[PDB]
């Protein structure tokens, strides 16, 4: 649960996603393993949904600072493009959203500046594309 020596409040939290394919269960994005090789077991995978999404539930309202999203790296890296990262409160009202067009490297870092939220959803905006995430780390600052 510590990453770059900061408390990752997403680690081991309940997760869900739009569907599962290739046994890529949503808990693989909070297993503390940033390995983005799908065949190594640490990467999520949905079916080609309308659209595909993944979410972590922090179980209670918390204050969200940095969210770091680690892509799949072995193949199909471009799938993680044209997507929203959305924070929802305890009643599933949208409290903040950032749009990411694509990644220049293996991850993206977003700063939600202490926004109060319970859920963090990663939602592809291109339908018919599987969502795969190696890891999603969430910090309080």
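Residue numbers count along the first chain shown, from 1.
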Original post:
Per the entry, where is the mean C-alpha temperature factor higher: 99-107 or 42-50?
Top reply: 99-107
**OP:** Determine, for stretches 78-86 and 109-117, which one has the higher mean CA B-factor as deposited.
**Re:** 109-117
**OP:** Please work out which residue in 63, 28, 34, 72 has the highest C-alpha B-factor recorded for this crystal structure.
**Re:** 63
Original post:
Lowest, middle or highest third of the chain for the C-alpha temperature factor of residue 7?
Top reply: highest
Subject >> Third of chain Cα B-factors occupied by residue 23 >> reply: middle
**OP:** Would you mind ranking residue 132 by its C-alpha B-factor against the rest of the chain and naming the third, lowest, middle or highest?
**Re:** lowest
